[PDB]
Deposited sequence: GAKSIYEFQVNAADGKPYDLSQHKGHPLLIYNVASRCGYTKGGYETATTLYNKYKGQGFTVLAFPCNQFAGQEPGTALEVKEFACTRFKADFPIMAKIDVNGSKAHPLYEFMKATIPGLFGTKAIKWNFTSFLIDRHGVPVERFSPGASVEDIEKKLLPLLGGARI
């Protein structure tokens, strides 16, 4: 079981080539589609994407208007933004049900609670880590640096 058994549209609204990232770690974030504290999670995402993309790594942002409790200037980033999805409820994306079921917020139901929650994916496409929006760059590197070689050899 891996993320590569799910299909997803990209921002342009057409099917995204998810499998191009197979055999390399990847971080997947939920981000607000509208306004989005561009400090914190956003700067960790961008930092990691720039420090590590060169070696196969990417960050994927799934816009989601589920935690705004029609605003600002629409999410922008250097990494791949996907088509807006729901991450919780009867219409959540099975990709998100898969990752949330694989790694829950202990209780919290497993539900996504915050924007800029991320999941780290291994070379095989298995979610191995769930980070909170306030996780630092270093805190993500502790788990990620032993994946930029796969976890082997």
Could you name the stretches of the deposited sequence that have no C-alpha atoms in this structure? 1 to 2, 72 to 82
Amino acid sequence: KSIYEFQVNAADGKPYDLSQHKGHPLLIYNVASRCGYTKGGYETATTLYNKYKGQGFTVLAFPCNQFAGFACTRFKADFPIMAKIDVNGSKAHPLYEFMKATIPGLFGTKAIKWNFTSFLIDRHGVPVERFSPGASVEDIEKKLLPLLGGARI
From here on, numbers count along this sequence of modelled residues.
Could you check the entry and say whether 103 to 111 or 116 to 124 has the higher mean CA B-factor? 103 to 111
84 to 92 versus 32 to 40 - which carries the larger mean C-alpha B factor in the record: 32 to 40
Whose C-alpha has the highest temperature factor in the PDB entry: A61, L48, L26, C64? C64
Per the entry's values, where does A151 land by CA temperature factor relative to the rest of its chain, in the lowest, middle or highest third? highest
Position of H21 among the chain's modelled residues by C-alpha B-factor, lowest, middle or highest third: lowest
